[PDB]
Amino acid sequence: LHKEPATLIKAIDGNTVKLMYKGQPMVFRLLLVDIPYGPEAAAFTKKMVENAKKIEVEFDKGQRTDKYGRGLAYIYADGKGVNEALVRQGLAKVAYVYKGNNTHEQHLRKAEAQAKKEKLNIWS
């Protein structure tokens, strides 16, 4: 896979963000991140993307938009994956794979196990 540049336009919620991507505005849904702490997840994502000096989007090898026209990607802020950071913090669960987008699934499951062991936030 590869990372592509994007500019934050607006934080929306724990697993949704609006970015300028290839000179066009687009709502992105964070791949493989489920949010049942909803306000907590929102604040966490908001801070991570607003404080970033560099935001990148990384599509996976499966379908790239959902039925609502949202881009389905891994989002990075200064190189750190937001999807994984939310799962590792116990602020989201790992979702079911959607349409072949599973590159980072195993890695996210490891983060989720560790958050669960630590009884963090949703795993309280």
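Name the single residue that is nearest to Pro36 (Cα to Cα) among those in the stretch 65-88 being under 14 Å from the mean Cα position of the chain (by Cα), assigned to a loop (DSSP other than H, G, I, E, B) and among the charged types (D, E, K, R).
Only one residue fits best here, namely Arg70.
For the stretch 16-40, name all the residues that are within 19 Å of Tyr96 (Cα to Cα) and not β-branched (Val, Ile, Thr). Before you say what the answer is, go through the steps one by one.
Narrowing the stretch 16-40 to residues within 19 Å of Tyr96 (Cα to Cα): 16, 28-36, 38.
Hits for the stretch 16-40 are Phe28, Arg29, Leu30, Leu31, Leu32, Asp34, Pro36, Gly38.
If you check every pair at least six apart or on different chains, which have Cβ atoms under 8 Å apart with a residue in the stretch 99-124 that is surrounded by 13 or more Cβ atoms within 10 Å (Cβ to Cβ) first and a residue that is among the polar types (S, T, N, Q) and not in a helix (DSSP H, G or I) second?
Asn101/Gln63; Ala115/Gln89; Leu120/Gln89; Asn121/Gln89
Do you know which of the residues in the stretch 89-124 that are among the acidic types (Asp, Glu) and in a helix (DSSP H, G or I) is nearest to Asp13 (Cα to Cα)? Working first, answer last.
Looking only at the stretch 89-124, we keep the residues that are among the acidic types (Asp, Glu), and these are 105, 112, 118.
Next cut, in a helix (DSSP H, G or I) only: 105, 112.
Values: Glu105: 21, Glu112: 19 Å.
Ranking the candidates gives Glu112 first.
Hey, among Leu19, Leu32, which residue is crowded, with 22+ Cβ neighbours inside 10 Å, on the phi > 0 side of the Ramachandran plot, aliphatic (A, V, I, L, M) and in contact with a strand residue (DSSP E or B) (Cβ under 7 Å, 6 or more places away or on another chain)? Steps first, please.
On the way: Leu19 fails: on the phi > 0 side of the Ramachandran plot.
Answer to the check: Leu32.
Return the pair list, or none, for Cβ contacts closer than 6 Å from residues in the stretch 69-90 that are under 16 Å from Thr103 (Cα atoms) to residues that are among the small types (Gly, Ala, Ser), at least 6 apart or on different chains.
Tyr74/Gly81; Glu84/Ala111; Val87/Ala111
No lab work stands behind these numbers, since they all come straight from the coordinates. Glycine gets a Cβ as well: all are built from the backbone with ideal geometry, and neighbour counts include every protein chain shown.
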